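Below sits a lone chain in structure tokens, taken as the form deposited in one PDB entry.
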């Protein structure tokens, strides 16, 4: 059935001849889809006539010839609209292949986008482009505060270092100054796997007294403060301040 139904009518009537009378009898000049209605005749003086209808003239003649032989026996933009809604570029389609016979070359149009690729095969390029675009269509329609948490993290980090010394600091009264705070801070820094670094400043203030800033690796890193008439009194004061700092961080 590679030949036209109009040519099928011509071949099945070439046994005697007969020029057929093809007239379009009727037309729906419709609002969105005008349709055509051809009417096929056969001789005008003795003793056949059929209807045919379709959207195009060629398909109308096809339906008319098919009816006479049996008696003898608008999308496309909508998928682009949806890819606009899903915020995509306009699709690009390319031609893949044909058949070496130029009267029966089934064109294949290759529609590739940034997401998927599909093929469209047809006897003409318009039906191939529809088939590729529709395959795109249902393929795309098948698949259309915290710093306080850091502070509490540091709190459970220092609670994880559960040495006796910190709860000893928490429980008893710490008015006593006779304890040597240097070994205390060394043991506490070893307890939470941290380290203490003293920076006694060679620069002096306006009272002539000595001072120091002492650094411990917190999360994020921190320092404490101290001063005294001597540098030894300065590091003792900063040591005591850091010890009571660790005591009150563990105090909860």
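Numbering follows the first chain given and starts at 1. For clarity, a rigid core is taken as the largest C-alpha set superposing within 1.5 Å between two forms.
One more form of this protein, deposited in another entry, exists but is not displayed; see below.
Engineer: Core-aligned, between the shown form and the other one, one residue among 219, 184, 27, 223 moves its CA by 2 Å or more. Tell me which.
Structural biologist: By this measure, the answer is 219.
Engineer: After core superposition, I'd like to know whether residue 80 moves between the shown form and the other one (criterion: C-alpha shift of 2 angstroms or more).
Structural biologist: No.
Engineer: Comparing between the shown form and the other one on the rigid core: C-alpha of residue 124 shifted by 2 Å or more?
Structural biologist: No, the C-alpha position differs by under 2 Å between the shown form and the other one.
Engineer: Determine whether the C-alpha of residue 92 shifts by 2 Å or more between the shown form and the other one once the rigid core is superposed.
Structural biologist: It does not, since the residue 92 C-alpha is displaced less than 2 Å between the shown form and the other one after the core fit.
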